[PDB]
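The block underneath contains the structure these notes are about, expressed in structure tokens.
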Amino acid sequence: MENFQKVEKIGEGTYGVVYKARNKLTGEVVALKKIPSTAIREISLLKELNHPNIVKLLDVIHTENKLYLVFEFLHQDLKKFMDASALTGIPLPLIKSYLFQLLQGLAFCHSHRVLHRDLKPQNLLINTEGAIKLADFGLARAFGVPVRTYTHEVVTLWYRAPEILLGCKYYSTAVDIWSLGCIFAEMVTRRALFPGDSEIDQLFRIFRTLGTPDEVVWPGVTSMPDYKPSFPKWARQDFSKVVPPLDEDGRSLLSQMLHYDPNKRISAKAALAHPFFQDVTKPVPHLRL
Ligand SMILES: Cc1cnc2c(NCc3ccncc3)nccn12
């Protein structure tokens with residue numbers, strides 16, 4: 001760490017505080033994240049998982065039994081950008097470009113059997129060139145996913161897939177497609193899709209919009225560990241009501257990204273081929289740094 005000069009704190013991640021820092025030598029500006037052999041090995045694997053839509057893991061510093069992860073620095077996150085674009089909303093072509101890029105990032109990670117597991121606007125980082133990138137990829141498998149960050153800040157449930165909430169132990173890459181569908185809806189409507197404030201409130205918000213899942217739409221759901229026959233039975237709502245005024249192509253894709261059955265939920269690779277992206281472009285966001 002003597003090689004870095006902390007410039008400022010840019011947030012408190014799930015596994016520790018993140019600082020903007022400068023390499024005392026190269027002068028390179030980076031994000032320094034202050035955090036077992038298994039964890040060390042897993043994190044080490046992440047260094048090779050490189051893609052233009054995945055925030056680059058530059059190095060890992062393991063000292064005094066303390067862990068620091070050195071990342072590429074980006075100037076803004078999607079949560080801030082959305083708050084800033086609240087009055088007018090993010091233009092559709094930009095939402096479309098961001099979604100397309102994030103799907104490319106996911107398709108890449110998923111091909112290497114690596115899941116993110118905790119996608120949320122705070123871990124989607126953007127630059128002036130119109131790129132968006134996934135931050136903290138793989139850290140959940142490496143260290144695990146807690147309920148409260150080292151800062152005691154409640155870990156958001158808003159983007160959690162229903163199979164996780166229902167106790168599935170061996171969930172899949174489909175969990176990241178669910179999260180991204182939630183974020184896609186939020187960019188379009190300017191409001192979180194399922195802002196649950198407890199595990200049961202999160203599940204019930206999902207059920208109220210998508211209908212209470214049953215064996216018809218999700219074979220095996222009633223056997224899941226945390227499924228209860230006493231759950232209320234709510235009817236499904238039309239997506240025309242959920243994400244107006246998204247067009248039919250967007251509503252169709254969002255529907256496949258929010259399918260209950262993880263086996264049937266669209267993959268990142270298949271989503272890239274969806275008609276919604278026929279006219280995709282790469283606009284530049286107007287960032288105020
Ligand atoms: C791993 C990582 C790389 N860049 C960021 C990042 N950048 C946004 C920002 C920049 C400056 N001040 C506040 C937030 N936020 C969180 C994590 N980050």
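Counting starts at 1 for both ligands and their atoms, in listed order. The residues of the chain are indexed from 1 along the displayed sequence. All values below come from the heavy atoms of this structure, side chains included, with hydrogens, waters and symmetry mates left out.
- Side-chain atoms of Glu42 never come within 3.5 Å of backbone atoms of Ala142 as a donor-acceptor pair (strictly under, hydrogens ignored).
- Side chain of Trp234 to backbone of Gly211: no donor-acceptor contact under 3.5 angstrom is found.
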Could you list, one pair per line, each nitrogen or oxygen of ligand 1 together with any protein nitrogen or oxygen closer than 3.5 Å, giving atom names and the distance rounded to 0.1 Å?
{"from": "ligand 1", "atom 1": "4 (N)", "to": "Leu74", "atom 2": "N", "distance (Å)": "3.2"}
{"from": "ligand 1", "atom 1": "4 (N)", "to": "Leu74", "atom 2": "O", "distance (Å)": "3.4"}
{"from": "ligand 1", "atom 1": "7 (N)", "to": "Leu74", "atom 2": "O", "distance (Å)": "2.6"}

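- Judged by distance alone, with hydrogens and angles left aside, the side-chain atoms of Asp261 form a donor-acceptor pair with the main-chain N or O of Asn263 at under 3.5 Å.
- Counting only distance, with no hydrogens or angles, the side chain of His112 and the backbone of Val114 share no donor-acceptor pair below 3.5 Å.
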Q: Give the C-alpha distance, both sets of side-chain angles, the deciding distance and a yes or no for side chain to side chain donor-acceptor pair (under 3.5 Å) between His75 and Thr128.
A: CA-CA 8 Å; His75 289 83; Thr128 52; over 6 Å; no

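- Between the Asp176 side chain and the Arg117 main chain, a donor and an acceptor come within less than 3.5 Å of each other.
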